[PDB]
Amino acid sequence: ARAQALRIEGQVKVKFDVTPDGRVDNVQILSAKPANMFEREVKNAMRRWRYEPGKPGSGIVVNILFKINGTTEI
Amino acid sequence: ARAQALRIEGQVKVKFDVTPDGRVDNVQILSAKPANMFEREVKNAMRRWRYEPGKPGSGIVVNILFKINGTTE
Ligand SMILES: [Br-]
Ligand SMILES: [Br-]
Ligand SMILES: [Br-]
Ligand SMILES: [Br-]
């Protein structure tokens, strides 16, 4: 019943080629972080979630709607 | 080189317990998309980036600053 929020800040390096049309090619992520960053960060964020006390339950399923906004660093 | 932006939209289901103090425990993500969803989606979003034509290069490195904003449905 209580909605919860996800707010995760991060950075990720990418390496790629640029072709004569100005498009990227041969892209690889440079994961600095131990793989599977997104799922770890989501679980970590869920540590801040709080629900009503004295109402425990098990096997609760929630659907998280998210948007990722990013920009290249200048 | 030109700055670029990225926007990814998505959903992820998670399953967990709620303890007497109202905190979550025993969390598992219910992957329904293939693993490495984030990395795949970043690369797919880069398909929209455009740099100056006639100026190819290889091994270009850029850092993407991002924020993930989510809400339970
Ligand atoms: Br925390
Ligand atoms: Br609640
Ligand atoms: Br450029
Ligand atoms: Br597209």
# chains A, B, ... in the order shown; residues from 1 in each chain; ligands from 1
call {"tool": "residues_near_ligand", "arguments": {"ligand": "ligand 3", "cutoff": "6 Å", "atoms": "only C-alpha atoms and all ligand atoms", "output": "MDAnalysis selection string"}}
result
chainID B and resid 1:2 51:52
call {"tool": "write_last_selection", "arguments": {"atoms": "C-alpha atoms", "output": "mmCIF file, in the first residue's frame"}}
result
data_model
loop_
_atom_site.group_PDB
_atom_site.id
_atom_site.type_symbol
_atom_site.label_atom_id
_atom_site.label_comp_id
_atom_site.auth_asym_id
_atom_site.auth_seq_id
_atom_site.Cartn_x
_atom_site.Cartn_y
_atom_site.Cartn_z
ATOM 1 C CA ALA B 1 33.664 15.646 -28.901
ATOM 2 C CA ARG B 2 29.937 16.427 -28.747
ATOM 3 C CA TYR B 51 29.059 12.848 -33.650
ATOM 4 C CA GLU B 52 30.545 14.933 -36.468
#
call {"tool": "interface_residues", "arguments": {"of": "chain B", "to": "chain A", "cutoff": "6 Å", "atoms": "only C-alpha atoms", "output": "PyMOL selection string"}}
result
chain B and resi 3-23+50-73
call {"tool": "write_last_selection", "arguments": {"atoms": "C-alpha atoms", "output": "compact mmCIF listing (two decimals), in the first residue's frame"}}
result
# COMPACT_ATOMS: atom_id res chain seq x y z
CA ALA B 3 28.03 15.84 -25.49
CA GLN B 4 25.27 13.20 -25.61
CA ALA B 5 22.22 12.35 -23.56
CA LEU B 6 20.59 9.01 -22.79
CA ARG B 7 17.05 8.03 -21.62
CA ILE B 8 16.10 4.48 -20.75
CA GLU B 9 12.69 3.39 -19.57
CA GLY B 10 12.07 0.05 -17.95
CA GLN B 11 10.50 -2.02 -15.15
CA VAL B 12 11.84 -4.60 -12.76
CA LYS B 13 9.92 -6.87 -10.41
CA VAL B 14 11.30 -7.68 -6.98
CA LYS B 15 10.21 -10.11 -4.29
CA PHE B 16 11.00 -9.63 -0.59
CA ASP B 17 9.77 -10.02 2.98
CA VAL B 18 8.75 -7.23 5.34
CA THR B 19 9.92 -7.63 8.91
CA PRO B 20 8.15 -6.45 12.09
CA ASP B 21 10.04 -3.15 12.01
CA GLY B 22 8.72 -2.50 8.49
CA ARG B 23 12.08 -3.00 6.75
CA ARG B 50 25.57 11.43 -33.29
CA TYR B 51 29.06 12.85 -33.65
CA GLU B 52 30.54 14.93 -36.47
CA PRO B 53 30.60 12.99 -39.77
CA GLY B 54 33.87 12.56 -41.66
CA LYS B 55 35.81 12.36 -38.37
CA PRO B 56 36.05 8.64 -37.49
CA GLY B 57 38.03 7.38 -34.58
CA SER B 58 38.61 4.27 -32.53
CA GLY B 59 38.77 3.47 -28.84
CA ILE B 60 37.01 6.66 -27.73
CA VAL B 61 36.25 6.66 -23.98
CA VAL B 62 33.41 8.66 -22.42
CA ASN B 63 31.98 8.67 -18.95
CA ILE B 64 28.16 8.62 -18.61
CA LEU B 65 26.74 10.28 -15.50
CA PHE B 66 23.33 8.82 -14.69
CA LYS B 67 20.48 8.76 -12.29
CA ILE B 68 17.89 6.06 -11.96
CA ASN B 69 14.54 7.30 -10.72
CA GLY B 70 11.98 4.65 -9.89
CA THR B 71 8.72 4.20 -8.05
CA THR B 72 6.82 1.08 -7.07
CA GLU B 73 3.68 0.77 -9.13
call {"tool": "select_by_dssp", "arguments": {"residues": "range 22-67 of chain A", "states": "helix (DSSP H, G or I)", "output": "PyMOL selection string"}}
result
chain A and resi 37-46
call {"tool": "write_last_selection", "arguments": {"atoms": "N, CA and C atoms", "output": "mmCIF file, in the first residue's frame"}}
result
data_model
loop_
_atom_site.group_PDB
_atom_site.id
_atom_site.type_symbol
_atom_site.label_atom_id
_atom_site.label_comp_id
_atom_site.auth_asym_id
_atom_site.auth_seq_id
_atom_site.Cartn_x
_atom_site.Cartn_y
_atom_site.Cartn_z
ATOM 1 N N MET A 37 25.949 -4.500 -11.356
ATOM 2 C CA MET A 37 25.774 -3.231 -10.684
ATOM 3 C C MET A 37 24.321 -2.836 -10.465
ATOM 4 N N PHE A 38 23.500 -2.886 -11.513
ATOM 5 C CA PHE A 38 22.118 -2.393 -11.386
ATOM 6 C C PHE A 38 21.349 -3.142 -10.323
ATOM 7 N N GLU A 39 21.390 -4.482 -10.376
ATOM 8 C CA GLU A 39 20.607 -5.241 -9.381
ATOM 9 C C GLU A 39 21.142 -4.984 -7.983
ATOM 10 N N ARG A 40 22.469 -4.866 -7.848
ATOM 11 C CA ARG A 40 22.983 -4.573 -6.505
ATOM 12 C C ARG A 40 22.518 -3.222 -5.971
ATOM 13 N N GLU A 41 22.572 -2.219 -6.841
ATOM 14 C CA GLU A 41 22.157 -0.876 -6.432
ATOM 15 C C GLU A 41 20.679 -0.822 -6.104
ATOM 16 N N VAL A 42 19.861 -1.562 -6.849
ATOM 17 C CA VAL A 42 18.441 -1.587 -6.537
ATOM 18 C C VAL A 42 18.234 -2.190 -5.150
ATOM 19 N N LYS A 43 18.861 -3.369 -4.890
ATOM 20 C CA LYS A 43 18.691 -3.947 -3.547
ATOM 21 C C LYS A 43 19.175 -2.996 -2.464
ATOM 22 N N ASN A 44 20.287 -2.299 -2.732
ATOM 23 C CA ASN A 44 20.827 -1.406 -1.699
ATOM 24 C C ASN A 44 19.846 -0.281 -1.394
ATOM 25 N N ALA A 45 19.209 0.227 -2.435
ATOM 26 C CA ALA A 45 18.255 1.318 -2.289
ATOM 27 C C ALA A 45 17.044 0.831 -1.499
ATOM 28 N N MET A 46 16.671 -0.419 -1.731
ATOM 29 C CA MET A 46 15.529 -0.956 -1.026
ATOM 30 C C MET A 46 15.830 -1.045 0.473
#
